[PDB]
Amino acid sequence: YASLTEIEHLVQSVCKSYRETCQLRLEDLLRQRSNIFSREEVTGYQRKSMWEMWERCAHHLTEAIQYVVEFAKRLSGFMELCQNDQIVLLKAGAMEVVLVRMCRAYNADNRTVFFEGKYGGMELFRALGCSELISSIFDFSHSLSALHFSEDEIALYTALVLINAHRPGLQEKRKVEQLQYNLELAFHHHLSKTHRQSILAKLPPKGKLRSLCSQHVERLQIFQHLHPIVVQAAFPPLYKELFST
Amino acid sequence: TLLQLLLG
Ligand SMILES: C/C(=C\CC[C@@H](C)[C@H]1CC[C@@]2(C)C3=C(CC[C@]12C)[C@@]1(C)CCC(=O)C(C)(C)[C@@H]1CC3=O)CO
């Protein structure tokens, strides 16, 4: 039965944790909006081998996930859960969190994402050979851009993306349920205080993030079966652990 | 696991 002061202290703790682990400051991403890949640079990316483009993207994704791991480490209540449950939650939620975080680096006006120093369209990623997945991820970021999340809202929402008591394999489900509820109280309190409860009905359907993650695992299966040695030799060990079957 | 290591 967390008190109002405890709920308020949770809001602050979650928001602080996100600030410390956000990977790139929002202002930096916004400042870079006019730095867009040229037609020649786009073509250069498109003409990369499938293996090199997958390898680059796997490294960048691993980097982004490492920040999400640090977010969880600092998240009030997460370290209180048993070791098994920490693992279950991060293994399922890490990628979901990255997909939400991406909207900050997404410019809806020209439908570009910040990638390797400049903004580029989904055409940048053609060499991967998973255009449907990329389009679905860009559609997802475009949908989130319409919500106009503040930094604090992203912090509170990504905490809830991670603390999801519906994941199978939890040893202490009721403990996770209790933390989830308190984080829900923290989110809703912050939203009520800022007149932003209207966003709740517009948040992605919960099956959405799961679906994007399954699609990503499936596209890696297609790539890995075609280039198994490249993945074994060159891909980050954390990436394989999280995503390979 | 690696997640275990990264978490301590
Ligand atoms: C095939 C595979 C993946 C699908 C391809 C894309 C969907 C994916 C490749 C690069 C990546 C990982 C990426 C980000 C989120 C997704 C993308 C663009 C964000 C935008 C997230 C957080 C940030 O603010 C920065 C730090 C700006 C990064 C930059 C960044 O390199 C790999 O399995």
Side-chain angles (χ1 to χ4, degrees), chain A residues 10-11 13-30 57 60-78 88-108 111-115 119 122 125 133-167 179-180 183-184 186-188 190-191 194 196-217 219 239 242-243:
Chain A
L10 184 57
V11 169
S13 187
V14 169
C15 291
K16 185 171 181 281
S17 295
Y18 181 73
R19 282 199 305 274
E20 299 173 345
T21 63
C22 66
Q23 187 173 11
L24 290 176
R25 301 268 293 179
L26 185 68
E27 294 81 13
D28 293 351
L29 288 164
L30 295 183
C57 291
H60 299 314
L61 182 63
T62 296
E63 190 174 289
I65 283 157
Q66 285 174 77
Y67 286 89
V68 174
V69 176
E70 195 52 41
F71 173 71
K73 282 189 81 182
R74 300 180 188 209
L75 200 63
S76 186
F78 180 86
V88 169
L89 293 171
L90 266 171
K91 189 179 164 176
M95 181 61 172
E96 292 184 4
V97 175
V98 173
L99 289 170
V100 176
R101 285 179 166 216
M102 179 175 157
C103 78
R104 296 164 80 246
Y106 178 79
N107 178 355
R111 309 167 82 166
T112 58
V113 70
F114 194 68
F115 177 78
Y119 279 85
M122 60 167 278
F125 297 95
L133 169 65
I134 304 300
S135 55
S136 298
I137 294 168
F138 271 68
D139 266 357
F140 184 73
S141 266
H142 200 84
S143 78
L144 292 181
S145 71
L147 303 185
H148 307 280
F149 280 135
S150 64
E151 290 293 275
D152 285 350
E153 288 169 348
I154 283 161
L156 296 157
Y157 178 60
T158 53
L160 281 164
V161 168
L162 179 66
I163 311 301
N164 178 340
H166 298 101
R167 315 297 193 185
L179 178 61
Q180 180 183 301
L183 288 169
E184 289 172 2
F187 191 33
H188 300 162
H190 184 83
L191 292 174
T194 53
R196 285 281 289 170
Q197 285 208 333
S198 68
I199 70 168
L200 294 171
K202 292 167 180 162
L203 288 176
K206 259 204 176 178
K208 185 70 210 174
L209 280 165
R210 293 195 310 252
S211 174
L212 291 168
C213 292
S214 306
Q215 198 178 169
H216 172 245
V217 162
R219 296 321 287 209
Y239 181 95
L242 296 173
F243 305 120

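Only this structure's heavy atoms are used, side chains among them; waters, hydrogens and symmetry mates stay out. All chains are named by letter (A, B, ...) in the order of the sequence lines, taking the proteins before the strands, and each is independently numbered beginning at 1.
Contact check for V14(A) versus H190(A): no side-chain heavy atoms found under the 4.5 Å cut-off. Annotation: side chain of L209(A) is in contact with side chain of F140(A) (closest heavy-atom distance under 4.5 Å).
In the model, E70(A) has no side-chain atom that pairs as donor or acceptor with a side-chain atom of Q66(A) under 3.5 Å.
By the 6.0 Å and 45° rule, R101(A) does not stack over the aromatic ring of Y67(A).
Across all non-hydrogen atoms, the minimal contact from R104(A) to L29(A) is O-CD1, 3.7 Å. The nearest pair of heavy atoms linking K73(A) to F78(A) is N-CD2, 4.4 Å. Closest heavy-atom contact between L147(A) and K202(A): CD2-CB, 3.6 Å. Of all the heavy atoms in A159(A) and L183(A), the pair that sits closest is O-CD1, 4.1 Å.
For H60(A), the ring-ring contact (aromatic ring centres under 6.0 Å, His included) partners are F115(A), not counting sequence neighbours.
Separating the CG atom in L26(A) from the CD atom in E151(A) is a distance of 4.5 Å, to the nearest 0.5 Å. Annotation: the span from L162(A) atom CG to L90(A) atom CG amounts to 5.0 Å, rounded to 0.5 Å. Here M102(A) contributes atom CE and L144(A) contributes atom CG; the two are 9.5 Å apart, rounded to the nearest 0.5 Å. The distance from atom CG of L203(A) to atom CZ of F187(A), rounded to the nearest 0.5 Å, is 5.5 Å.
By the 4.0 Å N-to-carboxylate-O rule, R167(A) lies close enough to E96(A) to be salt-bridged with it.
A donor-acceptor contact shorter than 3.5 Å is absent between the side chain of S211(A) and the backbone of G207(A). Proximity of a side-chain donor or acceptor of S13(A) to a complementary backbone N or O of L10(A) within less than 3.5 Å is not detected.
The number of heavy-atom neighbours closer than 6.0 Å to CZ of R111(A), taken from other residues, nucleotides and ligands shown, is 12 or below. By the 6.0 Å contact criterion, NZ on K16(A) is open, its count of non-hydrogen atoms from other residues, nucleotides or ligands being 12 or less.
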